[PDB]
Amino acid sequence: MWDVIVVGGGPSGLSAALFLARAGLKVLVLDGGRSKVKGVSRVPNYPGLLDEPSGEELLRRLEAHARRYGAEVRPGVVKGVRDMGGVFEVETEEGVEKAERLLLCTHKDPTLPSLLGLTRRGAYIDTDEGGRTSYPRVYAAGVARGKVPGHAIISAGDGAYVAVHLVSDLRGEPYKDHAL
């Protein structure tokens, strides 16, 4: 059982996981391993990452960062999603995981949104400003919701943005993850 299952382990999904975990939520990231930044030998435009590491290295750091605060990240290709009336049952080849909320950071892959019959905006998932889809308790971020042309920092930022509003919705008040 999880508070939130994030489908997609690219920049948007891993960034969302970091924020959700820091908000005290039990979060699991299920990733199919096809992030578009994976083959990049050097990412020179992720503001602040001055060593301009490879896409694989970027993803490794993002995963490490999310785990540092409690997030779980596991390889997995979701092939099914069932609304059980209170919780979503997400199925991969390994089995099933349950969560009250879903956050789709699946790039352009229509698999997830089609299983849920989500309303679309062009070839992407339709959402309101904060990332809420047509289906209650289902959110979307990054390229999945039209933040294109896609870029790593754009997706990472949107993943955090949608996560922050998911937390705000859950808590019943504005959520800010600010340090001193």
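We number the residues from 1 along the sequence you see.
As the entry records it, the average C-alpha temperature factor is higher for 121-129, out of 121-129 and 22-30. In this entry, 38-46 shows the higher mean Cα temperature factor of the pair 145-153 and 38-46. In the PDB entry, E173 places in the highest third of its chain by CA B-factor. Annotation for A140: C-alpha temperature factor in the lowest third relative to the rest of the modelled chain, per the entry. Ranked by Cα temperature factor within the chain, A71 sits in the middle third according to the deposited record.
Placement of the Cα temperature factor of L103 within the chain: middle third of the modelled residues, per the deposited record.
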